Amino acid sequence: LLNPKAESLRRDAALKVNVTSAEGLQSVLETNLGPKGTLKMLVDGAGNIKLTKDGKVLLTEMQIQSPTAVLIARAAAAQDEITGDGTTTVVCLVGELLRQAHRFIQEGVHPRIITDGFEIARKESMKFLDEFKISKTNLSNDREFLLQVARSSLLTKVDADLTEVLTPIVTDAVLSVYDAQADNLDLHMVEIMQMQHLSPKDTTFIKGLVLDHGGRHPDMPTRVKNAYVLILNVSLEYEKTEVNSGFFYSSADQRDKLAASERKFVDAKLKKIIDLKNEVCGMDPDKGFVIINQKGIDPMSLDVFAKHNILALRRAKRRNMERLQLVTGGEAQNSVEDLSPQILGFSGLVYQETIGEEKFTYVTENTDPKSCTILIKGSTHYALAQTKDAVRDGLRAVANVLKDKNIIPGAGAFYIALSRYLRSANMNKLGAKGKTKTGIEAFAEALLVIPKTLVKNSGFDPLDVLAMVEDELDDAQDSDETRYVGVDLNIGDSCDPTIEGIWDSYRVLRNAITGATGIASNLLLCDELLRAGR
Amino acid sequence: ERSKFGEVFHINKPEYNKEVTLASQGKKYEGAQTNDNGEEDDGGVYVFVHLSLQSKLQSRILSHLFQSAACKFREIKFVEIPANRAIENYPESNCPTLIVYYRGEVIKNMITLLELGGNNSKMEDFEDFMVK
Amino acid sequence: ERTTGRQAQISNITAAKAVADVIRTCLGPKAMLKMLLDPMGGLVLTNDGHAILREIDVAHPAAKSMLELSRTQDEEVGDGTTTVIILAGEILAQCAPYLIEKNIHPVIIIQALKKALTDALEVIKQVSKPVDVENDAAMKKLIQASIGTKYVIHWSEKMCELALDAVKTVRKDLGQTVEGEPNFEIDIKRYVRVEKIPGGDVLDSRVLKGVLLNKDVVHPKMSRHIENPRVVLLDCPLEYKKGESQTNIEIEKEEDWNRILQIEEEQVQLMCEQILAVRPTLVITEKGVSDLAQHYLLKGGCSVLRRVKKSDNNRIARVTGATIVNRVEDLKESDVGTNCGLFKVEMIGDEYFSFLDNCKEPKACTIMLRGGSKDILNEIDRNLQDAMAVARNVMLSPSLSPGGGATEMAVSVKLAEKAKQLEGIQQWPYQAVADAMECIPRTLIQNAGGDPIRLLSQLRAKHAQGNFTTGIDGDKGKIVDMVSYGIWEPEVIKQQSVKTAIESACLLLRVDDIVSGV
């Protein structure tokens, strides 16, 4: 009962293959869970090596041969487009759920019963999530909570040393773009830049924008205080006769004379620019003048600008000009003849940074730039990639926390509490039937994988840590008090996540649980494997 | 008009880049011509190049579908080259292959065409491709 | 090359069984999922029976024939895509030992299968229960089963009404001894296509008792509302006409080029007068219409529509009765499409309309669907197609049969009881068919996670000693009354599934060898 050029799995072979693939994927992503996890090394074969820990990036870049593993990875990748985190959690939950389901199936439990039990446990876990969350306040002085959230997000991705650098940077960058008002949050207001030949710890935060192109004249001021930003779209390069002409001569002296005569066109515009500079705070103290000049500038015009204590850039990207239109408030002048003071903007200190391979300009310290820039600094490609990924993850986590005020303490407290709540309530109710108890117990046990994996990664024995956490929870319940009990990966004993400062996003946990349950149900319902199209 | 081709043409290796390369043309009165450039302003000819092996199922199915298309799509060029005479070491694992050219450039590289529509490919699967 | 003896029959039966076993688990709400693995790295976990039977490649010709049968039934009938294959495969498997072990000739098996088909149809008719096809409440309740628990669950309330109204508009309930029973001549594919109108809500959707045309007036100075419309259809364009052979225009003076325009005016005026001779109110031409023709037709007091596709005229001739004449000079007074309702062009949702409805029964209509987005419109269109197919199945026979395998179990029991009294060699295939009918309840029990043996035995005992309305519960998995739980399926689907499965089994049994040939 088969056809050529095809292969199929019969009886329970499909279930065994799917379970094995899920276990393999879990073991692949088991070691990188939590701040105590490890990093994976990826080689593309072209000489580029990536050292990454984020589950989404690892799944996207890594090639997967097992079709079931491919399906699991693709399903878990949805977390990135919804919550931005929890892919590893989804994979671990799917793996443990499939392990338990296979164990029960070996005892004769039909897959549909397990699926129904998983659905019931999912509903109960959603109820527990609703009852267990903590409402965050809307106070504008919540900077401490944002710092705690950023630290929690970063510790999972960094070596615990760059955390002190990235936490304040991420917190400030996210807070500046989203003021203490309803409005809205858009992470596109935060620019991400990378620089080479610098120490990893050099990463800093810039209030405003940073321009790639720098000055090209030694006499330009290094720093300009309270500068007026001028954006000019008219090219200041050498101009020729407006009508048909040429350079026909017997000696280069005639060509030089013709060039000097033709330079008057640029000279006239330079005169207007200098007049504007002089009129607007020409000699006022603590004032400056900076010109962007999107288009190119002739060296003679650069020297003319420098001799007037004017810092002029050239050959800037249109995107940079559009960003400056808001960062500095200045407008782009299409024609010098219509140039007027109203075009000029205003900005704080303007500093030029010289690098061996390039030169940057800073246009930060703006009254209301409605944007900010984060400068990732590193000496190696992998370090820069890791820093960028950590910064983006922290930005997304803080944005999710700000937009969604529902906050749930982490440190493994949520998973253990949910497992206990399920084991109690589902067994006390038995709302569907006894036969669903197998699936209920499987789901409850699988939900405990995350704390066990975290403890295993931290090097401590999961049994003792789980026993201590359960004992503390039992004591709290006997005391008739509300208490959150988590896992301290540094000491090994139990700890209160609300005091240490470990928190998890409501959306992340909700989506991870839903996705894991859905993937487990879909895989457990696979009766056979079919091959076609060959 | 012009009803240019009307049938599938056999290609020998020496003329592959002549018959396929010649996608890059129109004809007199089918487009604008200009100063020191006699090329049409419009595009060229869609050329459907079949790399076949007689032993394979889909190759036999496509020989039928390609000629059937050629009989109606008079303006579309259809050609066939034994795959083993097109590519040095042509692998059976890619067989059959269809490459679609236009205006001298490559548009599609469809590989193991048994999955390009039904295993028992119908003219409905091929006419749905030819309109994409 | 050539196969002789029982080997060819064994090969065909094995191919049929292999095809059936794949989808054996595609029945019931508890249907299991399947993995489709392409030669590339992509795969899906779709559980749709049609998708499984479409994406599965089979080399054996019998499997290809079975897949083609299922694909054809997927459009001929609204349901039973997987039931037909499962039933045919089970019947073939049951009949296999008789052909192989009992040395029974295929002709006897085929005849017995046909007789069992007749008996099964009789039993299905006996066990079916009537429904009220005239009361809208009962039809809405029945059709809600195929509309709820879907993307259109939100608008189900109005979706049921829209589908029922469309089906009734295309449904012709007639009964007499002169023309016979038309069988309602319901055609959804051709004359029920849904028109997607952006904007509005589902509750705003209406059923048009005719054809809706999206072609606006070809000239602003044209009537937009006729209370006594009459449609005339033509193909030949109203413009300058050349000779059948090569035609050449030779002009000496520049001012003489107006001769072509004068000839065009004369010909167009003659054609327009010929068209107007039949007292028309709207002129529809498949080919292009010149501005002069539009002016001449307007002078006659009628509207003009040009470059209208044949698809619109095919339905216009059905809802208006207008006869299309290729040549204008051959137009006849009797070709005018009288008995037309209106030419109202009221715009809905910033879209152009042209209603050709009436209070007649042309067995054609148009569904004016409204929605807040294109995705909603497409999903509602698909759900309305499914609901109208279900409603057509229900209304084609005012009765329904119990679901959950109760009908199959009752058919098996009655077939066994009747076969016990036949007293002939054919008794064996009748028992084989009766046993194969048990496939559906076995699949339901297996999908529900119950006991495949004890539950089936209890159901069979209940049917033998109790009523035939007992079946397998989709959720509980126990034996319960289908009527109490509201589990039902249309009788038409069951009859068609049984007939098609038995006919396919007979056809496959007829083939006793596969030989090379071109």
# chains A, B, ... in the order shown; residues from 1 in each chain; ligands from 1
$ interface_residues --of "chain B" --to "chain C" --cutoff "10 Å" --atoms "only C-alpha atoms" --output "compact mmCIF listing (two decimals) with C-alpha atoms, in the first residue's frame"
# COMPACT_ATOMS: atom_id res chain seq x y z
CA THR B 112 11.79 19.73 -10.85
CA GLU B 115 5.85 20.18 -8.34
CA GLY B 117 1.18 22.34 -10.55
CA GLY B 118 -0.24 18.76 -10.43
CA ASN B 119 2.02 15.73 -10.73
CA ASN B 120 -0.20 14.90 -13.67
$ residues_around --residues "region 74-84 of chain B" --least-positions-apart "6" --cutoff "7 Å" --atoms "only C-alpha atoms" --output "list in words"
residues 3, 4, 5, 6, 7, 8, 9, 10, 11, 12, 45, 46, 47, 48, 49, 50, 51, 52, 53, 66 and 90 of chain B
$ residues_around --residues "residue 370 (chain C)" --least-positions-apart "3" --cutoff "7 Å" --atoms "only C-alpha atoms" --output "list in words"
residues 196, 197, 198, 199, 200, 201, 202, 204, 205 and 377 of chain C
$ interface_residues --of "chain A" --to "chain B" --cutoff "9 Å" --atoms "only C-alpha atoms" --output "MDAnalysis selection string"
chainID A and resid 532:534
$ closest_atom_pairs --of "chain A" --to "chain C" --cutoff "6 Å" --atoms "only C-alpha atoms" --output "tab-separated table"
residue	atom	partner	partner_atom	distance
A:1	CA	C:18	CA	5.0
A:3	CA	C:59	CA	6.0
A:110	CA	C:449	CA	5.6
A:525	CA	C:33	CA	5.2
A:526	CA	C:33	CA	4.7
A:527	CA	C:34	CA	5.9
A:528	CA	C:34	CA	5.8
A:529	CA	C:35	CA	4.8
A:530	CA	C:36	CA	4.9
A:531	CA	C:37	CA	4.7
A:532	CA	C:57	CA	5.3
A:533	CA	C:38	CA	5.7
A:534	CA	C:39	CA	5.8
$ atom_distance --atom1 "CA of residue 69 (chain A)" --atom2 "CA of residue 96 (chain B)"
29.7 Å
$ select_by_dssp --residues "region 264-464 of chain C" --states "helix (DSSP H, G or I)" --output "JSON, numbers by chain"
{"C": [264, 265, 266, 267, 268, 269, 270, 271, 272, 273, 274, 275, 276, 291, 292, 293, 294, 295, 296, 297, 298, 299, 310, 311, 312, 313, 314, 315, 316, 317, 318, 319, 328, 329, 330, 333, 334, 335, 374, 375, 376, 377, 378, 379, 380, 381, 382, 383, 384, 385, 386, 387, 388, 389, 390, 391, 392, 393, 394, 395, 406, 407, 408, 409, 410, 411, 412, 413, 414, 415, 416, 417, 418, 419, 427, 428, 429, 430, 431, 432, 433, 434, 435, 436, 439, 440, 441, 442, 443, 444, 445, 446, 447, 448, 454, 455, 456, 457, 458, 459, 460, 461, 462, 463, 464]}
$ select_by_dssp --residues "region 63-283 of chain A" --states "strand (DSSP E or B)" --output "count of residues only"
22
$ residues_around --residues "residue 40 (chain B)" --least-positions-apart "3" --cutoff "7 Å" --atoms "only C-alpha atoms" --output "PyMOL selection string"
chain B and resi 26+31-33
$ write_last_selection --atoms "N, CA, C and O atoms" --output "short mmCIF file (atom, residue, chain, number, x, y, z; two decimals), in the first residue's frame"
data_model
loop_
_atom_site.label_atom_id
_atom_site.label_comp_id
_atom_site.auth_asym_id
_atom_site.auth_seq_id
_atom_site.Cartn_x
_atom_site.Cartn_y
_atom_site.Cartn_z
N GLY B 26 12.54 42.96 -31.08
CA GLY B 26 11.23 42.92 -31.72
C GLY B 26 11.44 42.88 -33.22
O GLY B 26 12.53 42.52 -33.67
N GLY B 31 7.51 48.46 -32.75
CA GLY B 31 7.99 49.38 -31.73
C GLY B 31 8.72 50.58 -32.32
O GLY B 31 8.97 50.66 -33.53
N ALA B 32 9.03 51.54 -31.46
CA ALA B 32 9.72 52.77 -31.83
C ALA B 32 11.20 52.53 -32.06
O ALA B 32 11.79 51.72 -31.37
N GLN B 33 11.77 53.24 -33.03
CA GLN B 33 13.20 53.16 -33.31
C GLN B 33 13.72 54.59 -33.22
O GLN B 33 12.94 55.52 -33.43
#
$ atom_distance --atom1 "CA of residue 159 (chain C)" --atom2 "CA of residue 315 (chain C)"
24.4 Å
$ residues_around --residues "residue 229 (chain C)" --least-positions-apart "2" --cutoff "7 Å" --atoms "only C-alpha atoms" --output "PDB file with N, CA and C atoms, in the first residue's frame"
ATOM      1  N   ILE C 226     -36.014  53.318 -16.600  1.00  0.00           N
ATOM      2  CA  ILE C 226     -37.098  52.997 -17.521  1.00  0.00           C
ATOM      3  C   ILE C 226     -38.098  52.122 -16.779  1.00  0.00           C
ATOM      4  N   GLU C 227     -39.358  52.562 -16.740  1.00  0.00           N
ATOM      5  CA  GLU C 227     -40.400  51.803 -16.059  1.00  0.00           C
ATOM      6  C   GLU C 227     -40.974  50.686 -16.920  1.00  0.00           C
ATOM      7  N   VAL C 231     -35.057  44.850 -23.589  1.00  0.00           N
ATOM      8  CA  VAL C 231     -33.643  44.638 -23.879  1.00  0.00           C
ATOM      9  C   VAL C 231     -33.499  43.951 -25.228  1.00  0.00           C
ATOM     10  N   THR C 281     -35.695  49.741 -25.659  1.00  0.00           N
ATOM     11  CA  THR C 281     -35.379  50.739 -24.649  1.00  0.00           C
ATOM     12  C   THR C 281     -33.924  50.705 -24.210  1.00  0.00           C
ATOM     13  N   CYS C 340     -39.376  42.829 -18.927  1.00  0.00           N
ATOM     14  CA  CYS C 340     -38.250  43.253 -18.108  1.00  0.00           C
ATOM     15  C   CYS C 340     -38.735  44.199 -17.017  1.00  0.00           C
ATOM     16  N   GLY C 341     -38.164  44.057 -15.824  1.00  0.00           N
ATOM     17  CA  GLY C 341     -38.609  44.832 -14.682  1.00  0.00           C
ATOM     18  C   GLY C 341     -38.250  46.303 -14.734  1.00  0.00           C
ATOM     19  N   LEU C 342     -36.960  46.620 -14.628  1.00  0.00           N
ATOM     20  CA  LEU C 342     -36.512  48.000 -14.517  1.00  0.00           C
ATOM     21  C   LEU C 342     -35.088  48.126 -15.039  1.00  0.00           C
ATOM     22  N   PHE C 343     -34.681  49.374 -15.276  1.00  0.00           N
ATOM     23  CA  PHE C 343     -33.300  49.723 -15.589  1.00  0.00           C
ATOM     24  C   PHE C 343     -32.687  50.619 -14.517  1.00  0.00           C
TER      25      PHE C 343
END
$ closest_residue --among "C:369, C:384, C:425, C:263" --to "residue 152 (chain C)" --atoms "only C-alpha atoms"
C:384
$ atom_distance --atom1 "CA of residue 28 (chain C)" --atom2 "CA of residue 474 (chain C)"
6.8 Å
$ closest_residue --among "C:194, C:238, C:356, C:104" --to "residue 321 (chain C)" --atoms "only C-alpha atoms"
C:356
$ residues_around --residues "region 90-104 of chain A" --least-positions-apart "4" --cutoff "7 Å" --atoms "only C-alpha atoms" --output "ChimeraX atom specification"
/A:19,22-23,26,30,76,86,108-109,114,438,442-443,446-447,449,512,515-516,519-520
